[PDB]
Amino acid sequence: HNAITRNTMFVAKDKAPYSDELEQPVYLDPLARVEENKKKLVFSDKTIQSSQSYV
Amino acid sequence: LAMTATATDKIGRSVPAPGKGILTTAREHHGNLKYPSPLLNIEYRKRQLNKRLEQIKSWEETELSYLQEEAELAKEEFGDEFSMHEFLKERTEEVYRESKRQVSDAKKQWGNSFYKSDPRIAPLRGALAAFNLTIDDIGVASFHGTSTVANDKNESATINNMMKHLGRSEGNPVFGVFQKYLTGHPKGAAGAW
Amino acid sequence: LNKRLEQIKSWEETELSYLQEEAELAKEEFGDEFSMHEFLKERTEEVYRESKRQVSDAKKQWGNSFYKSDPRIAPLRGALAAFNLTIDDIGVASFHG
Amino acid sequence: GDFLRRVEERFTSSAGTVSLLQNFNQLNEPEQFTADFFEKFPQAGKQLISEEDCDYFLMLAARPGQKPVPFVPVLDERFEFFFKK
């Protein structure tokens with residue numbers, strides 16, 4: 001309903017979930033996945049090669 | 001052909017500009033190396049595979065024993081005529097296939113594709129490890145090598161960063177061969193040459 | 001399928017029993033320090049995955065893709081028969097038309 | 001009442017039905033009226049507020065000549081006008 005009235009259905013992404021410092025450490029991790037902050041879904045540093053994602 | 005892959009890079013506004021999405025053929029989890037993984041060892045999977053196949057040939061010789069009583073239990077009450085000789089011929093060979101698919105599924109679980117649910121094994125670590133090969137045995141990398149400023153450092157940084165992550169010995173480079181000097185870039189036909 | 005999964009949960013509970021003697025057999029002789037508590041934590045959950053892939057391979061052998069080596073089952077007979085469906089249940093065919 | 005005039009208008013279809021709310025003086029005892037109203041619309045109690053009926057609600061709360069509304073519905077450009085006022 002919000003999109004059909006305000007012409008904003010296609011929200012073109014300008015940023016990837018990873019940063020340029022974190023595009024490659026995500027690629028080498030089969031388990032590192034996106035957390036949410038500031039109502040945006042981006043990657044972080046503490047989710048990469050974590051000791052808590054293999055239990 | 002042990003491995004094959006394709007990969008899409010990252011959000012951008014430049015289509016001819018390359019990226020590094022294929023660096024995730026070497027993705028694996030290194031958060032805890034205190035325990036070596038049991039499943040990379042070739043003799044671990046062999047004794048897991050042997051105890052499975054003897055569980056299968058026991059499954060096969062047991063189900064032929066069930067097939068004898070099953071003739072008078074479910075086939076003599078199916079027709080007024082007794083044709084019970086071909087019924088054993090149809091189902092002894094039907095056990096032989098459904099025992100044979102279990103042999104091929106047991107070997108694919110322990111020799112071919114044992115790494116497909118393990119995050120601690122890369123796709124490219126575990127493709128080679130089916131053949132008891134290490135990462136130190138990829139010797140050549142035929143680069144895409146298309147003579148541009150952007151490609152030959154992106155292709156070089158991708159092979160460097162996947163061989164860094166998989167544990168090459170320091171001082172074992174792969175030899176880059178660069179065929180497009182000779183054949184040119186046949187844009188669609190490139191990967192076949 | 002039931003006689004296979006009880007053969008798997010027997011395989012799982014047996015291999016945890018092998019994991020107890022395997023600590024002093026192959027891990028105490030690996031380092032001068034004794035960190036043997038995390039070694040069981042690494043490999044009890046590693047048994048849990050390699051038991052879980054055997055459950056998914058047993059179900060795919062007997063529910064999902066049981067027809068893939070049988071010539072007496074069509075690809076379209078055996079795709080529907082995974083869901084206990086007959087050929088009489090394809091109701092519509094959207095033709096290319 | 002002028003909000004409930006949108007709720008009958010939203011959840012009825014192609015009909016021209018007479019209203020359950022003929023006169024605003026029916027709202028002088030609402031708790032027995034609102035229940036009898038929302039048994040005619042069981043689907044209103046499960047569908048969320050539409051966005052067309054959401055900015056309508058904000059247009060009712062800031063209408064001229066009204067008593068200012070006893071709550072704040074949005075954090076927007078108009079917050080102090082909703083707040084201190």
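Quick note on labels: first sequence line is chain A, next is B, and so on, each numbered from 1. Computation of the quantities below employed the complete heavy-atom set of this structure, encompassing side-chain atoms and omitting hydrogens, waters and symmetry-equivalent molecules.
For chain A, the option among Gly21(B), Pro119(B), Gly19(B), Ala7(B) with the highest count of heavy-atom pairs below 4.5 Å is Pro119(B).
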Exercise for review: Could you walk me through whether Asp29(A) and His29(B) pass the side-chain contact (heavy atoms from CB on, under 4.5 Å) test, one step at a time?
Suggested key: CA-CA 5 Å; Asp29(A) 200 359; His29(B) 189 273; 3.4 Å; yes
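Within 6.0 Å of CD1 in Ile4(A) there are 12 or fewer heavy atoms belonging to other residues, nucleotides or ligands. By the 6.0 Å contact criterion, CD on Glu170(B) is open, its count of non-hydrogen atoms from other residues, nucleotides or ligands being 12 or less. Within a 6.0 Å sphere centred on OH of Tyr96(B), heavy atoms belonging to other residues, nucleotides or ligands number 12 at most. Counted within 6.0 Å of CG on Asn37(A), heavy atoms from surrounding residues, nucleotides or ligands total more than 12; the atom is thus considered enclosed. The local environment of NZ in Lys107(B) is sparse, with at most 12 non-hydrogen atoms from other residues, nucleotides or ligands closer than 6.0 Å. With a 6.0 Å radius and a threshold of 12 heavy atoms from other residues, nucleotides or ligands, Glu76(B) has its CD atom above the threshold. Few gaps surround CD on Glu90(B); more than 12 heavy atoms of other groups in view lie less than 6.0 Å from it.
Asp9(B) touches chain A through its backbone: at least one of N, CA, C or O sits under 4.5 Å from a heavy atom, while the side chain does not. Of the two parts of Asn32(B), neither the backbone nor the side chain holds a non-hydrogen atom closer than 4.5 Å to a non-hydrogen atom of chain A.
Closest of all the heavy-atom pairs between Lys15(A) and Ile11(B) is O-CG1, 4.3 Å. Closest non-hydrogen pair, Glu28(B) versus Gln49(A), comes out as O-NE2, 3.3 Å. Scanning both residues, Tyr54(A) and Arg120(B), for their nearest heavy atoms gives OH-CD, 2.7 Å.
From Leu31(A), atom CG reaches atom CZ of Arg27(B) across 10.0 Å, with rounding to the nearest 0.5 Å. The structure places CG of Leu28(A) at 7.0 Å from NE2 of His30(B), a figure rounded to the nearest 0.5 Å.
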